[PDB]
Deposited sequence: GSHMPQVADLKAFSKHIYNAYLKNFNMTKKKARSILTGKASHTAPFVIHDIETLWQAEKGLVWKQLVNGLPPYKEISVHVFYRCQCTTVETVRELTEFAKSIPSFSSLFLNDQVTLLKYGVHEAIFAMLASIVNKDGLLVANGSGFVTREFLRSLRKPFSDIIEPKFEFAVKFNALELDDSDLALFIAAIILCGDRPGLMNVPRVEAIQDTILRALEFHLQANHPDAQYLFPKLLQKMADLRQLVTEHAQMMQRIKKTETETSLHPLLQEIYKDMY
């Protein structure tokens, strides 16, 4: 079976792309969270985490400081997501502008998907896994900043119940980046064709890697839809931070992604 033959190799390639670009894989992340990273749960422990136990604009307050490290995390992941996508021959063949349009509208989606990897019901891993910030502490932050937090956890725990691994994730992230309906795409048919190849690869892969999971594939299609929505609710809160939190900075890259 040619089609099934190509796809399996095309899926392995993407996997190798994911493996050499992301500093944090679920394999690595899931081991740390089970069986030790310094637990951050208050101001005192965070300060400790900054001084050495684990680890930006001038300090301002606690909630704004966490928001900044959240921004940085995005700036770093966006680089990795850039190298990931470039490592797909099909992607880098498109003119640079379409590549930008894809990354711009898809990185946050890919981010919250991958965020589920370093997350469990009680908190998330930080600083290459050396730290673990508690969800309860994250909630305790100031209302404007603590709102962008909780939705990510609700999505993450429900997502982790699907029990996907890095090989599935690589394909998943690839399918999110290569999306045909992004605003202003120049070569839609070319991008659409690629997304279809990635999905067919994911489909076969899921049958091989998860032979007993009932409707995993359509479920993952729904999660892609769930992510597009999660990004929207997030972008809205990000819009509220820019309006009401006038004293707090916004990294230039995030500024360019959220621009209309």
Exercise. So which bits of the deposited chain never got modelled?
Worked result: 1-3, 39-43, 64-69, 275-276
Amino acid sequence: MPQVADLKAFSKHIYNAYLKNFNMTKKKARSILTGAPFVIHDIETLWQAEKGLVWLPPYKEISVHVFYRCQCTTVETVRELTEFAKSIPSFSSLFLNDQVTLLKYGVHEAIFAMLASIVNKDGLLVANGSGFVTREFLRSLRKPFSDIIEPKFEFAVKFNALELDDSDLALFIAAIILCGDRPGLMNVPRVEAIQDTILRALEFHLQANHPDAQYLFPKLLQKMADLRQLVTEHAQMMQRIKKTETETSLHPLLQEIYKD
From here on, numbers count along this sequence of modelled residues.
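Here the rigid core means the biggest group of C-alpha atoms that line up within 1.5 Å when the two forms are laid on top of each other.
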Problem set entry | Stretch departing more from the displayed form, 58-66 or 213-221, Cα RMS in 7 other deposited structures of this protein (core fit) | 58-66
Problem set entry | Segment of greater CA departure in 7 other deposited structures of this protein, 105-113 or 143-151, core superposed | 143-151
Seminar exercise, completed: For 210-218 versus 65-73, entry-based mean Cα B-factors point to 210-218
Exercise. Higher mean Cα B-factor in the deposited model: 234-242 or 7-15?
Worked result: 7-15
Exercise. Mind checking which third residue 143 falls in for C-alpha B-factor across the chain?
Worked result: highest
Problem set entry | Modelled-residue ranking by C-alpha temperature factor, third containing residue 108 | lowest
For this session: Could you say whether, by C-alpha temperature factor, residue 181 belongs to the lowest, middle or highest third of its chain?
Result: highest
Seminar exercise, completed: Quick tally, chain-level thirds of C-alpha B-factors: residue 200 sits in the lowest
Exercise. Where does residue 190 sit by CA temperature factor within its chain: lowest, middle or highest third?
Worked result: highest
